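1. need a structure here:
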Amino acid sequence: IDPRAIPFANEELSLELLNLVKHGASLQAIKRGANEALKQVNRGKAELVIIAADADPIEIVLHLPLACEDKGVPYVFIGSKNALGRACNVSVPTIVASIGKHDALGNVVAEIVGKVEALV
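-> Numbers count the residues shown, from 1 in each chain. Shown next is the structure:
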């Protein structure tokens, strides 16, 4: 695992994050792709950015950490782009998911963000 892929969530937190993604997906509240995530972050529409550590080339997702920190947006790496794809409800691997604001997600995102930041 690339050392730049931090903070890196463990297996239980990863599953929490994936279930949050799935929930967001049902509400049309996530964007996929490193490009789309960067655009949401810069426009202040991102509450959380999730990044697959096995993205290839990994450089495609390595602009997000600094862009997120500049804006106080929480971000975290998980292990599997295949898992992330399934959670986004698509058939293809996904290397980045950004979660937008939604009343139905407010509190779980904040709880999870508390755990992500404990990793920093």
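2. at which residues are the strands of the protein located?
-> For the chain, the strands defined by DSSP state E occupy 30-32, 48-52, 75-78, 96-99.
3. the closest residue to residue 25 other than its chain neighbours: how many residues sit nearby?
-> In space, residue 25 comes closest to residue 89 once its chain neighbours are excluded; the distance is 4.6 Å by C-beta to C-beta, 6 or more residues apart in numbering. To be clear about C-beta, it is placed using only N, CA and C from the backbone, and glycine gets the same treatment. When neighbours are counted by other C-beta atoms under 10 Å, residue 89 registers 13.
4. residues touching residue 89, list them.
-> Counting by C-beta atoms under 8 Å, 6 or more residues apart in numbering, residue 89 touches 22, 25, 26.
5. residues contacting the last one?
-> The one in question is residue 26. Per C-beta under 8 Å, 6+ apart, neighbours of residue 26: residue 89.
6. for residue 12, find the nearest of the strands of the chain.
-> strand 75-78 (11.4 Å; C-beta to C-beta).
7. who are the packing partners of the closest one?
-> Contact here means 3 or more C-beta pairs under 8 Å, 6 or more residues apart in numbering; DSSP states H and E; on that basis strand 75-78 packs against helix 11-26, strand 48-52, helix 64-69.
8. CA atoms only: put the second one into PDB for me.
-> Going back to what we said before, that points to strand 48-52. C-alpha atoms of strand 48-52 as PDB (Å, rounded to 0.1, in the frame of the first residue of the first chain):
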ATOM      1  CA  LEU A  48     -16.400  13.700   2.700                       C
ATOM      2  CA  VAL A  49     -14.100  12.300   0.000                       C
ATOM      3  CA  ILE A  50     -13.400   8.600  -0.200                       C
ATOM      4  CA  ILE A  51     -10.400   7.300  -2.100                       C
ATOM      5  CA  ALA A  52      -9.500   3.800  -3.300                       C
END
